[PDB]
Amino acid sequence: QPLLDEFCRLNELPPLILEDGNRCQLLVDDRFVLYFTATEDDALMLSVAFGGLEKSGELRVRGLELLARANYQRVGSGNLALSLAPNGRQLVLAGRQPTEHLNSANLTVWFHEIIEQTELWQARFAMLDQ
């Protein structure tokens, strides 16, 4: 369960100790918070909130339209998906993978992919205004 220690030691990443509810967090480029949560189903769910949606108006509708059709494509491995938080404004990108098929070199591929995809959706949702 703390097998990530090879993954962080592999890529020079600060420690990941899952405490007080087996949750561990990482900070990406001072802007995003990555969440390494352990499913009770022997899976590793990566989730990162990456921005906000407009509270009202046509800007919210255009973002709502963008969110619904975005999950139709394969956005990412581990069935990565776009979602809106219960607060009604935070955009959440989350996906999960079973730990048994998760070593360290494959984590790095899944780790960079969520980062690269998190960057892309932060930009497209901030580029709605046109």
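All residue numbers refer to positions in the sequence shown, first residue = 1.
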37-45 or 80-88, whichever carries the higher mean Cα B-factor: 37-45
If you take the mean CA temperature factor per stretch, which one wins between 25-33 and 59-67? 25-33
Quick tally, chain-level thirds of C-alpha B-factors: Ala123 sits in the lowest
Which third, lowest, middle or highest, does the CA B-factor of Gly95 fall in along this chain? middle
Quick one: classify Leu53 as lowest, middle or highest third of the chain based on its Cα B-factor. lowest
